[PDB]
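Chemist: Here's a structure for you.
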Amino acid sequence: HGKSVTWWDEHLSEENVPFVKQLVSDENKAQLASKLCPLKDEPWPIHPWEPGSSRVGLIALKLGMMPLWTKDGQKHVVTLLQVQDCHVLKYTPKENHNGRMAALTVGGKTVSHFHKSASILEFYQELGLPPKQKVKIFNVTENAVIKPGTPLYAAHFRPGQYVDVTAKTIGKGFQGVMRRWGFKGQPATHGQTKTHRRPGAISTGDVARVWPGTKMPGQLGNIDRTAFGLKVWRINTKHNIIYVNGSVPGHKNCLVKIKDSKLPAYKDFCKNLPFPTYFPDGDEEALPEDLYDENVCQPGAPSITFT
Amino acid sequence: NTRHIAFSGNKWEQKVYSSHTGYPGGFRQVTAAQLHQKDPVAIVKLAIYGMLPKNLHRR
Amino acid sequence: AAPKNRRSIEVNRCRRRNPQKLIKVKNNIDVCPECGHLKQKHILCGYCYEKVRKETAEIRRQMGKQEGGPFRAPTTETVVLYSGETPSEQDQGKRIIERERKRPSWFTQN
Amino acid sequence: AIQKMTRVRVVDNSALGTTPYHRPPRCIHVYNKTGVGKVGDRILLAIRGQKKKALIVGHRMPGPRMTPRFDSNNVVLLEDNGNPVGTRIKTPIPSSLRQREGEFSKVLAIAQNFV
Amino acid sequence: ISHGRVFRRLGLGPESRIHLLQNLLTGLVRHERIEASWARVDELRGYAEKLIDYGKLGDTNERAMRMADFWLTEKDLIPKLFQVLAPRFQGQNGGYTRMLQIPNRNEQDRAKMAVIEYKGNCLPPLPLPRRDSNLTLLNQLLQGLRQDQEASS
RNA sequence: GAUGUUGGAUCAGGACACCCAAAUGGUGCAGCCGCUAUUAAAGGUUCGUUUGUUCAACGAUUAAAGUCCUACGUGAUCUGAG
RNA sequence: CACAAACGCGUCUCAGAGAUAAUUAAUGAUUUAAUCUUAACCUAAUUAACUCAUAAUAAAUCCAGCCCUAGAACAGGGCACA
Ligand SMILES: [Mg+2]
Ligand SMILES: [Mg+2]
Ligand SMILES: [Mg+2]
Ligand SMILES: [Mg+2]
Ligand SMILES: [Mg+2]
Ligand SMILES: [Mg+2]
Ligand SMILES: [Mg+2]
Ligand SMILES: [Mg+2]
Ligand SMILES: [Mg+2]
Ligand SMILES: [Mg+2]
Ligand SMILES: [Mg+2]
Ligand SMILES: [Mg+2]
Ligand SMILES: [Mg+2]
Ligand SMILES: [Mg+2]
Ligand SMILES: [Mg+2]
Ligand SMILES: [Mg+2]
Ligand SMILES: [Mg+2]
Ligand SMILES: [Mg+2]
Ligand SMILES: [Mg+2]
Ligand SMILES: [Zn+2]
């Protein structure tokens, strides 16, 4: 038995190719809109807010960057993060993860069934969601737990707050020493021969080995990084778009991990936020289409006059 | 009951366990008191580990 | 830098018999429904493309004869004919290439 | 960005500014820890074989949007007291300079046109 | 680094690249199908597409005419571009070129080759990949599902 | 039957007999500077004119512009003014 | 900046707790006063390191092709809409 390679679309005919697609997308919209109502389904017990609590996070899409002006006249540049499809996936009890905090696994953007693994499609069939592209694990306290297969919207971070972002930084491949590290070069013109880039002496004569940490040319930039202490300026409710401050590591259009700030200055800031998470059903109110921080100049306004 | 080890004399204070990570400036020295504070198993484990013959069967 | 020691045949067997330097077994090979020769799944059949190619070459020769010189090329659409065929009205007003071989089964009339 | 060895042009009306010399006045030292000076930074000028202190007024390097960018690098002659050794400054000065009153007070007081 | 770049570097430089494409495009507009290196066929694809989009702009447009001058070397071909090759594409927006991969060349070089062709040329039909027919056990098995989705609606 | 030798360039590993930053004792310490001594090596320790020059002088500054070792570190990485 | 990108001269973001060194003090014996003690018991005050809270990563196996902000090769992410 020499078994052949098979992809999903190999044996389908002209007739059946669109049918399969229409069918899969149909079942997808159905399964999505079905999970659209968490609170009336089989909601888990909601717990009050204690001071040592830690919230759930979000998975976003980096759109691009845009300028934004404060009422004070200063100009900030901000990054638009969008929440496309966000659902909590599985749940790990306290003892079963860190011995300390409970793991909540969150899914990202929707992909096609046809290219994933058997095991994974099994995992989503026992859930009822479409497969998510990027899946990250958040650490969370017992009072912040949610129920697996629950939707997470972008109103989750109320405007003004500090968040943290983790993502894979822009990959630059195999880079020389002057990029990767930032060693000065050798001078260009004075009779230097074939040296204008190279690291130069890499060690000491006695040691006769080169040390286990030594900086050398190599892989640069595809790695995880985290930006701390970013302020959130404004929120869009309809398109689910956060405007965070400064820059977020990754290429634009990349998938990005958002949490509340773990920085020591902000420790208790989570007392004012909708805590298990935000629930559009529960409040039964329409949030204004944009939530602005008190500082921001709104896209329409008096056109500032100092005095 | 490893955590309840006794050390004769003043050894708790003056016996040092040294370790090196290999990176320049990766040289650590810990007092027996501190090492016993961090890892309750560590002291008896390093005691025993140094008393077996040095061949592979030690591992 | 000059190698400090001859390497043993042991070390060489290790290096150049590595699973990476071995030729991988291609699993995408199939047979072509017409001539039953072998072809890779994503590539055209070699043997089929051959008879197609030969016929294209010959029809290009005869249409090279229907043209007088290097720079002179037809403004009409062309339609190629085979023994026993007469032009349809859809195809008339066009340049016609006449050929001896009766129209090959794989080339349709349309 | 005005740095060591930049030729600067002295805008205020002073003895040392207008009188000719075989050397164009050169900047020796900038007092920022960065070797680069900006508008409202402080320089040590070599003029006519002696050292005077100066205040950078405008420069040819671009700066944050809505800052005026000038055709030439312009300095005002200044002593240690922070007193401008000049009477007045004709060519226009960045309005941003009014931010710091403390150090530049007198310099601002003798300034004619702002932009 | 290479990030976000839509052009290969082929031949002795940028100019050499344009002239390589020139030759290929002349060949393609003349013979209506050519077999060339896969990198270069795939490169030619875009230009072969948009050259037909100038043909549609009309014979009278000047910007199209000086364009046809640069890109079609053999001068006879230019009336072929406007009067022949442009008019037979009308309804079809982007559907001009078929590009398919041939077995690798038989010479010691062993490159990776492709044939590129205009739709509707009069040449023997290329032995295109066939789709599995509908009587196939699996496709026949899907028909049931379709008819049941029709029966439920 | 060769361990290629000064000074720079690049990249620095280490000591502490601390030049800065950090806690302190004593003063012929009122405070401001200081002058001495103890404990502390994670991090720093500038740019120029003249000399091949390390050293040194001199201009301008800095919180400081340490003393050393590593084949007077480092030429199968570079430079040869000497 | 003649590429859709790269890039600086441009923009953003930067941390809790625990320990101790030298030295200051409280109760207090040998020696019933005294006495910080190489005497107990609790102690207190105070650098740097150095630990660690916290953060990253963390779904075993379809992978022919073809795209890519992922790449030297192999790896990695896409290919249902639309
Ligand atoms: Mg890359
Ligand atoms: Mg350089
Ligand atoms: Mg050179
Ligand atoms: Mg040479
Ligand atoms: Mg003089
Ligand atoms: Mg590319
Ligand atoms: Mg080439
Ligand atoms: Mg392509
Ligand atoms: Mg020898
Ligand atoms: Mg060093
Ligand atoms: Mg000391
Ligand atoms: Mg040091
Ligand atoms: Mg030496
Ligand atoms: Mg030397
Ligand atoms: Mg050497
Ligand atoms: Mg007593
Ligand atoms: Mg007492
Ligand atoms: Mg840790
Ligand atoms: Mg994949
Ligand atoms: Zn065939």
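No lab work stands behind these numbers, since they all come straight from the coordinates. Cβ sites come from the backbone with ideal geometry, for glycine too, and all protein chains shown count toward neighbours.
Chemist: Pairs please, first residue from segment C:94-110 and in contact (Cβ under 8 Å) with a residue 40 or more places away in the chain, second anywhere and in a loop (DSSP other than H, G, I, E, B), Cβ atoms under 6 Å, 6+ apart in sequence or on different chains.
Modeler: Partner pairs satisfying both residue conditions: C:99/C:82; C:107/E:124.
Chemist: Within 30 Å of the chain's Cα centre (by Cα), of a type in the set (A, V, I, L, M) and surrounded by fewer than 14 Cβ atoms within 10 Å (Cβ to Cβ): does that describe residue A:227?
Modeler: no
Chemist: For segment B:1-25, which positions are farther than 15 Å from residue B:41 by Cα and either part of a strand (DSSP E or B) or within 14 Å of chain A (Cβ to nearest Cβ) (or both)?
Modeler: Answer for segment B:1-25, where residues must be farther than 15 Å from residue B:41 by Cα and either part of a strand (DSSP E or B) or within 14 Å of chain A (Cβ to nearest Cβ) (or both): B:16, B:18, B:19, B:20, B:21, B:22, B:23, B:24, B:25.
Chemist: Considering each residue of segment A:249-307, count those that are hydroxyl-bearing (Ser, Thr, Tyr), in contact with a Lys or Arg (Cβ under 6 Å, 6 or more places away or on another chain) and closer than 27 Å to residue A:148 by Cβ, and give that number.
Modeler: Qualifying residue count for the region: 0.
Residue-by-condition table, conditions (1) within 16 Å of ligand 6 (Cβ to nearest atom); (2) free of Cβ contacts under 8 Å to residues at least 40 places away in the same chain; (3) within 14 Å of chain B (Cβ to nearest Cβ); (4) among the hydrophobic types (A, V, I, L, M, F, W, C):
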residue: A:135; (1), (2), (3), (4): no, no, no, yes
residue: A:145; (1), (2), (3), (4): no, no, no, yes
residue: A:152; (1), (2), (3), (4): no, no, no, yes
residue: A:157; (1), (2), (3), (4): no, no, no, yes
residue: A:173; (1), (2), (3), (4): yes, no, no, no
residue: A:180; (1), (2), (3), (4): no, no, no, no
residue: A:218; (1), (2), (3), (4): no, no, no, no
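Chemist: Let me ask something else. Just give me the residues in segment A:1-48 being over 34 Å from the mean Cα position of the chain (by Cα) and of a type in the set (D, E, K, R), in sequence order.
Modeler: Result: A:3, A:10, A:14, A:15.
Chemist: Among strands (runs of 3 or more DSSP E) lying entirely in segment E:1-119, which contain 2 or more residues that are surrounded by 12 or more Cβ atoms within 10 Å (Cβ to Cβ) and polar (S, T, N, Q)?
Modeler: The qualifying strands (runs of 3 or more DSSP E) are E:97-101.
Chemist: Quickly run through segment C:37-66 and pick out the residues that are touching a helix residue (DSSP H, G or I) at 6+ places or on another chain (Cβ under 9 Å) and more than 10 Å from chain E (Cβ to nearest Cβ).
Modeler: C:37, C:38
Conditions tested, residue by residue: (1) over 26 Å from residue A:47 (Cβ atoms); (2) among the charged types (D, E, K, R).
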{"position": "A:212", "(1), (2)": "yes, no"}
{"position": "A:236", "(1), (2)": "yes, no"}
{"position": "A:247", "(1), (2)": "yes, no"}
{"position": "A:269", "(1), (2)": "no, no"}
{"position": "A:290", "(1), (2)": "yes, yes"}
{"position": "A:299", "(1), (2)": "yes, no"}
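Chemist: Also, I was wondering about something else. I'd like the full set of residues that are basic (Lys, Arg) and touching a strand residue (DSSP E or B) at 6+ places or on another chain (Cβ under 7 Å), limited to segment C:36-74.
Modeler: If the condition is that a residue be basic (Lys, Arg) and touching a strand residue (DSSP E or B) at 6+ places or on another chain (Cβ under 7 Å), then C:39, C:41 are the ones that fit.
Chemist: Take the residues in segment C:67-107 that are hydroxyl-bearing (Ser, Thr, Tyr) and more than 7 Å from chain E (Cβ to nearest Cβ), then tell me which one is surrounded by the most Cβ atoms within 10 Å (Cβ to Cβ).
Modeler: My answer is C:82.
Chemist: Take the residues in segment A:182-193 that are within 44 Å of the chain's Cα centre (by Cα) and without any contact (Cβ under 8 Å) to a residue 24 or more places away in the chain, then tell me which one is farthest from ligand 2 (Cβ to nearest atom).
Modeler: Filtering first and then ranking leaves A:182.
Chemist: Next question. Looking at segment E:46-75, which of its residues are touching a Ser or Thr at 6+ places or on another chain (Cβ under 9 Å) and within 14 Å of chain C (Cβ to nearest Cβ)?
Modeler: Result: E:72, E:73, E:74.
Chemist: Taking the stated definitions as given, is residue D:4 part of a loop (DSSP other than H, G, I, E, B) and of a type in the set (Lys, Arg)?
Modeler: When the stated conditions are applied, residue D:4 passes them.
Chemist: Out of curiosity, is residue E:21 away from every other protein chain (no Cβ under 14 Å), more than 16 Å from ligand 3 (Cβ to nearest atom) and free of Cβ contacts under 8 Å to residues at least 60 places away in the same chain?
Modeler: Considered against the rule, which asks whether it is away from every other protein chain (no Cβ under 14 Å), more than 16 Å from ligand 3 (Cβ to nearest atom) and free of Cβ contacts under 8 Å to residues at least 60 places away in the same chain, residue E:21 comes out as yes.
Chemist: Can you list the strands (runs of 3 or more DSSP E) found entirely within segment A:157-257 that contain at least 2 residues being of a type in the set (S, T, N, Q) and in contact with an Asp or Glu (Cβ under 7 Å, 6 or more places away or on another chain)?
Modeler: It comes to A:224-236.
Chemist: Let me ask something additional. Cβ-Cβ under 6 Å, sequence separation 6+ or interchain: first residue in segment B:1-17 and on the phi < 0 side of the Ramachandran plot, partner of a type in the set (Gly, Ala, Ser). Which pairs?
Modeler: That search, which allows pairs on different chains as well, returns B:12/B:32; B:12/B:33; B:15/B:32.
Chemist: Further, regarding this structure: For residue A:197, all conditions in the list (1) away from ligand 3 (no atom under 16 Å from the Cβ); (2) charged (D, E, K, R); (3) out of contact with any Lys or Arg (no Cβ under 8 Å at 6 or more places or on another chain) hold save one; what is the number of the exception?
Modeler: The single condition residue A:197 does not satisfy is (1).
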